[PDB]
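Worksheet for the structure shown next.
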Amino acid sequence: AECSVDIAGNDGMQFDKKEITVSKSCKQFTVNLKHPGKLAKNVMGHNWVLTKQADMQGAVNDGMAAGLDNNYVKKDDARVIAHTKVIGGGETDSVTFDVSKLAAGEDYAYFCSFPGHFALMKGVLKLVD
Ligand SMILES: [Cu+2]
């Protein structure tokens with residue numbers, strides 16, 4: 001079991017994975033977000049943001065308000081455990097977080113906070129083993 005995962009966000013506004021499972025054998029965990037497909041960042045940009053299940057809609061709505069040049073994430077938003085940049089067709093971005101910021105027993109939502117993308121691009125991350 002690895003301590004990283006690859007996840008693609010595409011032009012039909014979908015992520016290919018709905019569940020990321022973080023092993024407790026990991027001290028650090030990496031998410032590599034790649035955007036296959038040909039649309040530009042300005043129309044079909046994607047990021048991957050990690051928040052606790054209950055904090056998600058708050059993070060999305062304040063993110064919307066933050067803008068592309070903030071990667072649609074409120075700066076220093078306490079709720080966001082980890083997040084990539086907004087990338088467009090043909091890019092990749094990666095984020096690494098301490099598995100120690102996660103509590104087993106808690107459930108986590110990962111989503112794209114690019115405007116209105118959260119409705120399809122959303123999933124759960126959970127601590128495993
Ligand atoms: Cu998106």
Side-chain angles (χ1 to χ4, degrees):
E2 252 270 59
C3 298
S4 40
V5 62
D6 266 28
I7 184 173
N10 72 10
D11 291 335
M13 208 181 299
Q14 319 154 345
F15 279 132
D16 60 344
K17 271 70 177 294
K18 291 287 168 284
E19 198 181 65
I20 294 176
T21 209
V22 174
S23 180
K24 265 176 291 253
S25 328
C26 302
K27 193 213 153 71
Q28 300 186 298
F29 196 81
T30 313
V31 188
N32 307 108
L33 170 78
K34 62 245 179 193
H35 183 329
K38 60 190 181 176
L39 288 182
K41 181 187 160 73
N42 63 334
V43 314
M44 193 63 77
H46 299 317
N47 60 2
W48 179 92
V49 183
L50 213 213
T51 51
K52 301 110 275 87
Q53 196 64 82
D55 280 321
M56 182 181 154
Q57 196 61 231
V60 180
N61 293 152
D62 280 329
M64 215 243 279
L68 245 182
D69 303 301
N70 276 351
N71 293 301
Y72 286 119
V73 190
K74 184 208 208 163
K75 197 172 59 49
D76 300 330
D77 189 347
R79 300 169 292 205
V80 182
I81 299 160
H83 75 98
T84 59
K85 293 156 45 204
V86 180
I87 54 158
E91 293 159 39
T92 305
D93 199 39
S94 306
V95 60
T96 305
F97 55 100
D98 303 79
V99 177
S100 21
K101 287 184 66 178
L102 309 181
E106 228 310 274
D107 224 298
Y108 300 107
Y110 64 82
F111 51 96
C112 172
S113 41
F114 184 97
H117 277 207
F118 77 102
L120 288 332
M121 315 197 87
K122 193 278 175 198
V124 292
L125 183 140
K126 51 172 156 173
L127 212 42
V128 101
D129 276 317

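Count residues from 1 along the sequence.
- Summarising the geometry of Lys38 relative to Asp11, their closest heavy-atom pair is N-OD2, 3.0 Å, with the distance given to 0.1 Å.
- Judged as a side chain to side chain donor-acceptor pair (under 3.5 Å), and not counting sequence neighbours, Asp107 has no contacts.
- Remark: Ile87 CD1 to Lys41 NZ distance equals 8.5 Å, nearest 0.5 Å.
- Rounded to the nearest 0.5 angstrom, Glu2 CD and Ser23 OG are separated by 10.5 Å.
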Legend entry - Check against side-chain contact (heavy atoms from CB on, under 4.5 Å), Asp77 and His83: CA-CA 11 Å; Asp77 189 347; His83 75 98; over 6 Å; no

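- Under the disulfide bond (SG atoms under 2.5 Å apart) criterion, no residue pair touches residues 80-129, with sequence neighbours excluded.
- In this structure, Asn42 and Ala40 approach most closely via the heavy-atom pair OD1-CB, 2.9 Å.
- Contact check for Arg79 versus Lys74: side-chain heavy atoms found under the 4.5 Å cut-off.
- When the side chains of ILVMFWY residues are joined at heavy-atom separations under 4.5 Å, either directly or via intervening members, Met121 and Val49 end up in two distinct hydrophobic clusters.
- Looking at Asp16, its side chain does come within 3.5 Å of a backbone N or O of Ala8 through a donor-acceptor pair.
- What you find for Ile81 and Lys101 is that their closest heavy atoms are O-NZ, 3.4 Å.
- Note: the hydrophobic cluster containing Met64 does not contain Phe111 (ILVMFWY, side chain heavy atoms under 4.5 Å, direct or indirect links).
- Hydrophobic clustering (ILVMFWY, side-chain heavy atoms < 4.5 Å, transitive): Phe97 and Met56 are in distinct clusters.
- Formation of a donor-acceptor pair under 3.5 Å by the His35 side chain with backbone atoms of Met44 is found in this model.
- Heavy-atom minimum distance, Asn32 versus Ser4: OD1-CB, 4.4 Å.
- More than 12 non-hydrogen atoms from other residues, nucleotides or ligands lie less than 6.0 angstrom from NZ of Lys18.
- Summarising the geometry, atom OG1 belonging to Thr92 is positioned 9.0 Å from atom NZ belonging to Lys85; distances are rounded to the nearest 0.5 Å.
- Contact annotation: the side chain of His117 never approaches that of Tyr72 to less than 4.5 Å [non-hydrogen atoms, C-beta and beyond].
- The hydrophobic cluster containing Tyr110 also contains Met13, counting ILVMFWY residues as joined when their side-chain heavy atoms lie under 4.5 angstrom apart, directly or transitively.
- There is no path of hydrophobic side-chain contacts, each under 4.5 Å, that joins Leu125 to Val80.
- Two residues are said to be in side-chain contact when any heavy atoms from C-beta on lie closer than 4.5 Å; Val86 and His46 fail this criterion.
- When side chains are defined from C-beta on, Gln14 does not count as touching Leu120, because their heavy atoms never get closer than 4.5 Å.
- Shown here for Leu102 and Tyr108, the closest heavy-atom pair between the two residues is CA-OH, 3.5 Å.
- A heavy-atom distance below 4.5 Å is found between the side chains of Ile7 and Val31.
- The side chain to side chain contact (heavy atoms under 4.5 Å, CB included) test with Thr84 singles out one residue from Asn47, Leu50, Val73, and that residue is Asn47.
- Between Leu33 and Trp48, the shortest heavy-atom distance links the atoms CD2-N, 3.9 Å.
- You'll find the side chain of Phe118 reaches within 4.5 Å of the side chain of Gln57, heavy atoms only.
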Inset, instruction - Output, in order, the C-alpha distance, side-chain angles, deciding distance and verdict of side-chain contact (heavy atoms from CB on, under 4.5 Å) for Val124 and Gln53. - result: CA-CA 8 Å; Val124 292; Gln53 196 64 82; 3.7 Å; yes

Legend entry - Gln28 vs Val99, side-chain contact (heavy atoms from CB on, under 4.5 Å): CA-CA, chis, key distance, verdict: CA-CA 5 Å; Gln28 300 186 298; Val99 177; 5.8 Å; no

